[PDB]
Amino acid sequence: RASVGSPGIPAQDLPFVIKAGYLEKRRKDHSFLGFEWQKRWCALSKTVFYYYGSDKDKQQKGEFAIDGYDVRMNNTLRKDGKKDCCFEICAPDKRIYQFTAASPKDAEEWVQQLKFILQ
C-alpha cells in the first residue's frame with residue numbers, strides 16, 4: 001500500500017470532470033454476496049478515474065490515474081444481453097478495471113473519451 005492515501009473528495013466537488021455517469025464495475029473477489037457487477041458512479045477528473053457508490057457520496061470508493069493505461073471494448077466479459085455494453089481499462093501492471101454501461105453507445109463513448117486521452 002501507499003504511505004499516504006488519496007484524499008476523500010465528495011462526488012459533487014470533483015474538479016475538471018470530463019465525463020461522468022453510472023457504470024457497473026466487476027468485483028474482483030471470486031466469492032461474494034450480491035451481484036458480480038456493482039453499480040458505481042464514475043467520474044473522470046482530468047486523468048484520474050474516480051468511482052463512488054452514488055453521485056451524492058462524500059468519499060470515493062476508490063480511484064486511479066489512467067496515465068499509460070490502455071482501453072478496449074470487450075464482448076466476452078459477460079454472456080447476458082449486456083455483452084456489447086462492456087469495456088475495460090488496463091494498467092501497465094496488468095491490473096484491469098472492467099465496466100458495463102447502459103448501452104453499446106454509452107460504452108463506446110467512454111472508450112472513445114478514454115482512448116482519445118491514452119496517446
# chains A, B, ... in the order shown; residues from 1 in each chain; ligands from 1
>>> residues_around(residues="segment 33-50 of chain A", least_positions_apart="6", cutoff="8 Å", atoms="only C-alpha atoms", output="list in words")
residues 14, 15, 16, 17, 18, 19, 20, 21, 22, 23, 24, 25, 26, 27, 60, 61, 62, 63, 64, 65, 66, 67, 99 and 100 of chain A
>>> closest_atom_pairs(of="segment 69-92 of chain A", to="segment 104-111 of chain A", cutoff="9 Å", atoms="only C-alpha atoms", output="Markdown table")
| residue | atom | partner | partner_atom | distance |
| --- | --- | --- | --- | --- |
| A:71 | CA | A:111 | CA | 6.4 |
| A:72 | CA | A:111 | CA | 6.4 |
| A:73 | CA | A:111 | CA | 7.0 |
| A:82 | CA | A:104 | CA | 8.2 |
| A:83 | CA | A:104 | CA | 8.7 |
| A:84 | CA | A:104 | CA | 5.5 |
| A:85 | CA | A:104 | CA | 4.4 |
| A:86 | CA | A:107 | CA | 6.3 |
| A:87 | CA | A:107 | CA | 6.6 |
| A:88 | CA | A:111 | CA | 8.4 |
| A:89 | CA | A:111 | CA | 8.7 |
>>> write_last_selection(atoms="N, CA and C atoms", output="compact mmCIF listing (two decimals), in the first residue's frame")
# COMPACT_ATOMS: atom_id res chain seq x y z
N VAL A 71 -7.23 0.90 -23.12
CA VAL A 71 -8.69 0.72 -23.02
C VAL A 71 -9.19 -0.01 -24.26
N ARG A 72 -10.24 -0.85 -24.07
CA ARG A 72 -10.96 -1.51 -25.17
C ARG A 72 -12.32 -1.97 -24.79
N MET A 73 -13.17 -2.10 -25.79
CA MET A 73 -14.42 -2.78 -25.66
C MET A 73 -14.04 -4.22 -25.50
N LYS A 82 -26.13 -7.90 -22.09
CA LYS A 82 -25.20 -6.75 -21.93
C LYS A 82 -23.77 -7.01 -22.47
N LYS A 83 -23.59 -8.02 -23.32
CA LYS A 83 -22.24 -8.39 -23.82
C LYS A 83 -21.57 -7.35 -24.63
N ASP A 84 -22.35 -6.56 -25.35
CA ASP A 84 -21.86 -5.45 -26.17
C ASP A 84 -21.84 -4.13 -25.45
N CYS A 85 -22.02 -4.15 -24.13
CA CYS A 85 -22.01 -2.92 -23.34
C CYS A 85 -20.79 -2.83 -22.42
N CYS A 86 -19.82 -3.70 -22.62
CA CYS A 86 -18.66 -3.82 -21.65
C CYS A 86 -17.35 -3.41 -22.25
N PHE A 87 -16.50 -2.79 -21.42
CA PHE A 87 -15.20 -2.32 -21.80
C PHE A 87 -14.30 -2.47 -20.54
N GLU A 88 -13.01 -2.40 -20.77
CA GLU A 88 -12.04 -2.44 -19.71
C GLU A 88 -10.94 -1.43 -19.91
N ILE A 89 -10.31 -1.08 -18.77
CA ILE A 89 -9.17 -0.14 -18.75
C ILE A 89 -8.09 -0.91 -18.11
>>> select_by_dssp(residues="chain A", states="strand (DSSP E)", output="mmCIF file with C-alpha atoms, in the first residue's frame")
data_model
loop_
_atom_site.group_PDB
_atom_site.id
_atom_site.type_symbol
_atom_site.label_atom_id
_atom_site.label_comp_id
_atom_site.auth_asym_id
_atom_site.auth_seq_id
_atom_site.Cartn_x
_atom_site.Cartn_y
_atom_site.Cartn_z
ATOM 1 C CA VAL A 17 -14.830 16.264 -14.693
ATOM 2 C CA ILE A 18 -14.503 15.338 -18.460
ATOM 3 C CA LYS A 19 -17.173 12.606 -18.270
ATOM 4 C CA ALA A 20 -19.328 11.092 -15.573
ATOM 5 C CA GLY A 21 -22.085 8.567 -15.246
ATOM 6 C CA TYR A 22 -23.272 5.337 -13.723
ATOM 7 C CA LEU A 23 -21.445 2.172 -14.769
ATOM 8 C CA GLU A 24 -21.238 -1.313 -13.290
ATOM 9 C CA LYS A 25 -17.808 -2.388 -12.189
ATOM 10 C CA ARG A 26 -16.919 -6.074 -11.950
ATOM 11 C CA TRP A 37 -21.240 -6.252 -11.412
ATOM 12 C CA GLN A 38 -21.780 -3.446 -8.859
ATOM 13 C CA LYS A 39 -23.301 -0.091 -9.729
ATOM 14 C CA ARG A 40 -20.832 2.754 -9.347
ATOM 15 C CA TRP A 41 -20.994 6.437 -10.146
ATOM 16 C CA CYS A 42 -17.794 7.027 -12.141
ATOM 17 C CA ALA A 43 -16.080 10.279 -12.980
ATOM 18 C CA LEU A 44 -13.005 11.139 -14.933
ATOM 19 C CA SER A 45 -11.354 14.202 -13.251
ATOM 20 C CA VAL A 48 -7.951 10.368 -12.611
ATOM 21 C CA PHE A 49 -10.870 7.973 -12.725
ATOM 22 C CA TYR A 50 -12.960 8.109 -9.575
ATOM 23 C CA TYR A 51 -15.710 5.723 -8.560
ATOM 24 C CA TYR A 52 -18.441 6.052 -5.852
ATOM 25 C CA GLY A 62 -11.501 4.316 -4.985
ATOM 26 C CA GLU A 63 -9.740 5.959 -7.873
ATOM 27 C CA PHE A 64 -6.856 5.551 -10.269
ATOM 28 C CA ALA A 65 -4.787 7.654 -12.625
ATOM 29 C CA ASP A 70 -4.953 1.082 -22.377
ATOM 30 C CA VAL A 71 -8.685 0.724 -23.018
ATOM 31 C CA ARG A 72 -10.964 -1.506 -25.166
ATOM 32 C CA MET A 73 -14.416 -2.775 -25.655
ATOM 33 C CA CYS A 86 -18.661 -3.824 -21.654
ATOM 34 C CA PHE A 87 -15.202 -2.315 -21.801
ATOM 35 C CA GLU A 88 -12.036 -2.441 -19.715
ATOM 36 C CA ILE A 89 -9.174 -0.143 -18.746
ATOM 37 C CA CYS A 90 -5.834 -1.942 -18.425
ATOM 38 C CA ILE A 96 -7.797 -4.255 -15.055
ATOM 39 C CA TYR A 97 -10.917 -2.352 -14.274
ATOM 40 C CA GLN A 98 -13.900 -3.831 -16.116
ATOM 41 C CA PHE A 99 -17.145 -1.992 -16.697
ATOM 42 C CA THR A 100 -20.652 -2.428 -18.103
#
>>> select_by_dssp(residues="chain A", states="helix (DSSP H, G or I)", output="ChimeraX atom specification")
/A:11-13,83-85,104-117
>>> write_last_selection(atoms="C-alpha atoms", output="PDB file, in the first residue's frame")
ATOM      1  CA  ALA A  11     -18.547  13.344  -5.869  1.00  0.00           C
ATOM      2  CA  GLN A  12     -20.207  16.754  -6.223  1.00  0.00           C
ATOM      3  CA  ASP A  13     -16.941  18.571  -5.568  1.00  0.00           C
ATOM      4  CA  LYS A  83     -22.244  -8.393 -23.825  1.00  0.00           C
ATOM      5  CA  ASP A  84     -21.859  -5.451 -26.175  1.00  0.00           C
ATOM      6  CA  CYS A  85     -22.006  -2.923 -23.338  1.00  0.00           C
ATOM      7  CA  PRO A 104     -23.371  -0.188 -26.549  1.00  0.00           C
ATOM      8  CA  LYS A 105     -23.337   3.504 -27.460  1.00  0.00           C
ATOM      9  CA  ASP A 106     -22.654   4.545 -23.811  1.00  0.00           C
ATOM     10  CA  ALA A 107     -19.765   2.091 -23.572  1.00  0.00           C
ATOM     11  CA  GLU A 108     -18.344   3.214 -26.873  1.00  0.00           C
ATOM     12  CA  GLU A 109     -18.474   6.894 -25.750  1.00  0.00           C
ATOM     13  CA  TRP A 110     -16.493   6.004 -22.623  1.00  0.00           C
ATOM     14  CA  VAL A 111     -13.921   4.112 -24.598  1.00  0.00           C
ATOM     15  CA  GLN A 112     -13.648   6.992 -27.195  1.00  0.00           C
ATOM     16  CA  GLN A 113     -13.241   9.522 -24.466  1.00  0.00           C
ATOM     17  CA  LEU A 114     -10.565   7.445 -22.701  1.00  0.00           C
ATOM     18  CA  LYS A 115      -8.920   6.301 -25.898  1.00  0.00           C
ATOM     19  CA  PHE A 116      -8.562   9.868 -27.011  1.00  0.00           C
ATOM     20  CA  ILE A 117      -6.587  10.614 -23.787  1.00  0.00           C
TER      21      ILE A 117
END
>>> closest_residue(among="A:118, A:101, A:2, A:9", to="residue 55 of chain A", atoms="only C-alpha atoms")
A:9
